[PDB]
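Some notes on the structure that comes next.
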Amino acid sequence: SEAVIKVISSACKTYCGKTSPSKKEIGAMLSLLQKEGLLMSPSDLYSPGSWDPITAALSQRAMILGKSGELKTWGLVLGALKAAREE
Ligand SMILES: O=P(O)(O)O[C@H]1[C@H](OP(=O)(O)O)[C@@H](OP(=O)(O)O)[C@H](OP(=O)(O)O)[C@@H](OP(=O)(O)O)[C@H]1OP(=O)(O)O
């Protein structure tokens with residue numbers, strides 16, 4: 001995607017600051033969400049209810065395969081979006 005990623009970058013850096021995820025991480029993780037059939041479009045990230053299955057799926061593959069690559073990026077984006085949705 002293009003716009004969706006930029007929207008996240010300007011948002012996460014407002015909460016996490018310098019501890020925010022890199023654009024390269026977001027862009028790569030987004031494709032993972034689609035390939036896994038978790039989300040149809042990157043814009044689906046605006047749905048807070050859909051965060052539950054995604055987070056669960058990520059933690060599952062992380063504890064089973066031993067890879068938290070997408071989990072690390074998701075955790076940051078999730079936290080930023082969660083805080084934003086709380087306001
Ligand atoms: O030119 P800008 O409007 O200031 O945006 C850039 C650009 O991001 P986009 O390609 O999504 O517009 C950089 O991407 P690249 O040119 O390196 O491919 C990205 O760098 P990273 O992908 O390595 O994160 C950088 O972010 P940063 O300044 O944290 O290095 C980010 O700048 P902004 O985050 O301030 O928009």
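Chain labels run A, B, ... following the order of the structure tokens; each chain numbers its residues from 1, and ligands are numbered from 1 in the order shown.
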
Q) region 54-62 of chain A: which residues within 7 Å, counting only C-alpha atoms, same-chain residues fewer than 4 positions away excluded, as a PyMOL selection string? A) chain A and resi 38+50+66-68+71

Keeping N, CA and C atoms, export the residues of the selection given above as an mmCIF file, in the first residue's frame.
data_model
loop_
_atom_site.group_PDB
_atom_site.id
_atom_site.type_symbol
_atom_site.label_atom_id
_atom_site.label_comp_id
_atom_site.auth_asym_id
_atom_site.auth_seq_id
_atom_site.Cartn_x
_atom_site.Cartn_y
_atom_site.Cartn_z
ATOM 1 N N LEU A 38 -6.081 -12.718 6.666
ATOM 2 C CA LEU A 38 -6.552 -12.107 7.897
ATOM 3 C C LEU A 38 -7.346 -10.852 7.574
ATOM 4 N N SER A 50 -11.413 -6.123 14.606
ATOM 5 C CA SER A 50 -10.658 -7.114 13.851
ATOM 6 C C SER A 50 -9.239 -7.298 14.405
ATOM 7 N N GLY A 66 8.405 -19.674 16.124
ATOM 8 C CA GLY A 66 9.563 -19.018 16.696
ATOM 9 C C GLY A 66 9.948 -17.774 15.923
ATOM 10 N N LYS A 67 8.949 -17.113 15.356
ATOM 11 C CA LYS A 67 9.166 -15.900 14.584
ATOM 12 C C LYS A 67 8.188 -14.819 15.020
ATOM 13 N N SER A 68 8.719 -13.734 15.551
ATOM 14 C CA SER A 68 7.896 -12.636 16.016
ATOM 15 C C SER A 68 8.161 -11.377 15.191
ATOM 16 N N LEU A 71 5.001 -9.750 14.652
ATOM 17 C CA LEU A 71 4.468 -9.518 15.992
ATOM 18 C C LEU A 71 5.032 -8.238 16.607
#

Site check for ligand 1: residues at most 12 Å away, only C-alpha atoms and all ligand atoms, as a CSV table (one decimal) with N, CA and C atoms, in the first residue's frame:
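Here's the written file out.csv:
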chain,number,residue,atom,x,y,z
A,1,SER,N,0.8,-1.2,0.0
A,1,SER,CA,0.0,0.0,0.0
A,1,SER,C,0.9,1.2,0.0
A,2,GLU,N,0.2,2.4,0.1
A,2,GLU,CA,1.0,3.7,0.1
A,2,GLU,C,0.5,4.6,1.2
A,3,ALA,N,-0.8,5.1,1.0
A,3,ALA,CA,-1.4,6.0,1.9
A,3,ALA,C,-1.5,5.4,3.4
A,4,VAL,N,-2.1,4.2,3.5
A,4,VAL,CA,-2.3,3.6,4.7
A,4,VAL,C,-1.0,3.5,5.6
A,5,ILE,N,0.1,3.2,5.0
A,5,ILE,CA,1.4,3.2,5.7
A,5,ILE,C,1.8,4.5,6.2
A,6,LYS,N,1.7,5.5,5.3
A,6,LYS,CA,2.0,6.9,5.7
A,6,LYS,C,1.2,7.4,6.9
A,7,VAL,N,-0.1,7.1,6.9
A,7,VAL,CA,-1.0,7.4,7.9
A,7,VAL,C,-0.6,6.9,9.3
A,8,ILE,N,-0.1,5.6,9.2
A,8,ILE,CA,0.4,5.0,10.4
A,8,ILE,C,1.7,5.6,10.9
A,9,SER,N,2.6,5.9,10.0
A,9,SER,CA,3.9,6.5,10.4
A,9,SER,C,3.7,7.8,11.2
A,10,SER,N,2.8,8.7,10.7
A,10,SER,CA,2.6,10.0,11.3
A,10,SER,C,1.8,9.8,12.6
A,11,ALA,N,1.2,8.6,12.8
A,11,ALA,CA,0.4,8.4,14.0
A,11,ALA,C,1.3,7.7,15.1
A,12,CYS,N,2.0,6.7,14.8
A,12,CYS,CA,2.8,5.9,15.8
A,12,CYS,C,3.8,6.8,16.4
A,13,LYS,N,4.5,7.6,15.5
A,13,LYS,CA,5.5,8.5,16.0
A,13,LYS,C,5.0,9.6,17.0
A,14,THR,N,3.7,9.7,17.0
A,14,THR,CA,3.1,10.7,17.9
A,14,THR,C,2.9,10.1,19.3
A,16,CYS,N,4.6,6.5,20.2
A,16,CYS,CA,5.9,5.8,20.5
A,16,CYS,C,7.1,6.7,20.3
A,17,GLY,N,7.0,7.7,19.4
A,17,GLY,CA,8.1,8.6,19.2
A,17,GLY,C,9.1,8.0,18.3
A,18,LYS,N,10.3,7.8,18.8
A,18,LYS,CA,11.4,7.2,18.1
A,18,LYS,C,11.4,5.7,18.2
A,19,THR,N,10.5,5.2,19.1
A,19,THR,CA,10.4,3.7,19.2
A,19,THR,C,9.4,3.1,18.3
A,20,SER,N,9.0,3.9,17.3
A,20,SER,CA,8.0,3.5,16.4
A,20,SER,C,8.6,2.5,15.3
A,21,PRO,N,7.7,1.7,14.7
A,21,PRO,CA,8.2,0.7,13.7
A,21,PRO,C,8.6,1.4,12.4
A,22,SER,N,9.5,0.8,11.7
A,22,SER,CA,10.0,1.4,10.4
A,22,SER,C,9.0,1.1,9.3
A,23,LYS,N,9.0,2.0,8.3
A,23,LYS,CA,8.0,1.9,7.2
A,23,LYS,C,8.2,0.6,6.5
A,24,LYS,N,9.5,0.1,6.4
A,24,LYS,CA,9.8,-1.2,5.8
A,24,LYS,C,9.2,-2.3,6.5
A,25,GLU,N,9.0,-2.2,7.8
A,25,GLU,CA,8.4,-3.2,8.6
A,25,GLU,C,6.9,-3.3,8.4
A,26,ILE,N,6.3,-2.1,8.4
A,26,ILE,CA,4.9,-1.9,8.2
A,26,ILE,C,4.5,-2.4,6.8
A,27,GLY,N,5.2,-2.0,5.8
A,27,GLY,CA,4.9,-2.4,4.4
A,27,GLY,C,5.0,-3.9,4.2
A,28,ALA,N,6.0,-4.5,4.9
A,28,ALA,CA,6.2,-6.0,4.8
A,28,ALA,C,5.1,-6.7,5.6

(Q) Please return, as a PyMOL selection string, all residues of chain A that DSSP assigns to alpha helix (DSSP H) on the basis of the backbone. (A) chain A and resi 3-12+23-35+51-65+69-85

Quick one: residues within 10 Å of residue 46 (chain A), only C-alpha atoms, excluding same-chain residues fewer than 5 positions away - as an mmCIF file with N, CA and C atoms, in the first residue's frame?
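Okay, part_26.cif is ready:
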data_model
loop_
_atom_site.group_PDB
_atom_site.id
_atom_site.type_symbol
_atom_site.label_atom_id
_atom_site.label_comp_id
_atom_site.auth_asym_id
_atom_site.auth_seq_id
_atom_site.Cartn_x
_atom_site.Cartn_y
_atom_site.Cartn_z
ATOM 1 N N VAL A 4 -2.072 4.212 3.450
ATOM 2 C CA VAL A 4 -2.285 3.559 4.745
ATOM 3 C C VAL A 4 -1.016 3.542 5.594
ATOM 4 N N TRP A 51 -8.850 -6.459 15.362
ATOM 5 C CA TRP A 51 -7.509 -6.540 15.948
ATOM 6 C C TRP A 51 -7.345 -7.794 16.800
ATOM 7 N N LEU A 81 -2.566 2.665 17.696
ATOM 8 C CA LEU A 81 -3.954 2.745 17.262
ATOM 9 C C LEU A 81 -4.906 2.627 18.448
ATOM 10 N N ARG A 85 -7.619 5.354 19.465
ATOM 11 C CA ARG A 85 -9.034 5.011 19.540
ATOM 12 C C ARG A 85 -9.606 5.301 20.928
#

Q: Report the distance between CA of residue 29 (chain A) and CA of residue 70 (chain A) in Å, rounded to one decimal place.
A: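 Distance between the two atoms: 5.5 Å.
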